[PDB]
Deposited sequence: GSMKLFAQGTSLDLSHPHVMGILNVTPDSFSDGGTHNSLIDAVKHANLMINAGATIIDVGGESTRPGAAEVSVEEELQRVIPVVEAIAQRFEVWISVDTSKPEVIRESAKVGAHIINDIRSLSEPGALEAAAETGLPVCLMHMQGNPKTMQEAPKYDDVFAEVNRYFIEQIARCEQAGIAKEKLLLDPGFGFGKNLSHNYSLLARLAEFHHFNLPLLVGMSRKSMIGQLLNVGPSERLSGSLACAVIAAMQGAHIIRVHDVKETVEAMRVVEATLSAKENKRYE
């Protein structure tokens, strides 16, 4: 019965959804063709991102981010029924994205930028809170935790409170442990192994492992050879009741999720732990 509400429609999270990655970091036409392919392959959310969130990434000006993101969000919202998430940290991109039809604010920085928290609250949209240690320029230099699960859990307690106190209701929130965002290989797998334990907040869990270093470093291969590992990650997360799976390879992930759904439907508990 978990549901999100945005832009006059709803997203029913009684089964896992696949979120397709639309990286915008002729551009507009190609972006829209890619969205269309992902929607046809079964993605029910498209994640539009105009600033690199990779280790070492450089900042993008607000004017450049607006130019990359807003025309894409608008074009998708006008042509398809799919939900649209916006991968942004900037109050102006948040505001302007919501005006042209975006459904979810998916900020790697959990609205930490000046004015972001107020901008998000003003839109009334769902907000995903993600854990990152440090920032993208520093996060992978030397990630360190005494207990990564406890520290991510504590972060979620603190950020939920921060959001509620700004007037964003608990029911609008999603949580994401932020695979690859200030974590070494062992930290990532600790979080994946214990993912179901984050259900105590009674909030949707969003995860993104597709073609990430936690697969590449395990298998010692480049990004192009990570699909089997990516599907394994997706299935592991979805078997533990993760609600949204953020991926590059939509068709394959959707097929894997249908198998997970068939399995969970046969189960009494409806989850693994």
The answer, as deposited-sequence ranges with no C-alpha, is 1, 27-36
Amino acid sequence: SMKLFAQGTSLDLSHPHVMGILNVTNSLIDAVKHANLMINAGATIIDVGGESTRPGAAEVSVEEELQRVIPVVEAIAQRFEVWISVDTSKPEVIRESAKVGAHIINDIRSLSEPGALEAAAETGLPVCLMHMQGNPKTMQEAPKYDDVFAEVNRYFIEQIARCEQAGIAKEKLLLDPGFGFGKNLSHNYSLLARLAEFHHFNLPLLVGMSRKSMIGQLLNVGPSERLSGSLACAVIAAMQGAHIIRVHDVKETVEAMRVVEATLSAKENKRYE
From here on, numbers count along this sequence of modelled residues.
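Think of the rigid core as the biggest set of C-alphas that the two forms share within 1.5 Å after superposition.
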May I ask which stretch, 92-100 or 128-136, sits farther from the shown form in 8 other deposited structures of this protein once every structure is superposed on the core, judging by RMS CA distance? 128-136
RMS CA shift, core-fitted in 8 other deposited structures of this protein, bigger for 223-231 or for 53-61: 53-61
Name the higher of the two by mean Cα B-factor in the PDB entry, 180-188 versus 67-75. 67-75
Higher-scoring stretch by recorded Cα B factor average, 253-261 or 12-20: 12-20
Could you tell me which one of 164, 151, 141, 87 shows the highest CA temperature factor in the PDB record? 164
Return the residue from 213, 61, 210, 220 that has the highest Cα B-factor in the entry. 220
Sorting the chain's modelled residues by C-alpha B-factor, tell me whether residue 29 ends up in the lowest, middle or highest third. highest
Entry-reported C-alpha B-factor of residue 239 relative to its chain, by third, is middle
Divide the modelled residues of the chain into thirds by Cα B-factor and specify which third, lowest, middle or highest, holds residue 228. lowest
Please say which third, lowest, middle or highest, residue 80 falls into when its CA temperature factor is compared across its chain. highest
Ordered by C-alpha B-factor within the chain, which third holds residue 121? Give me lowest, middle or highest, please. highest
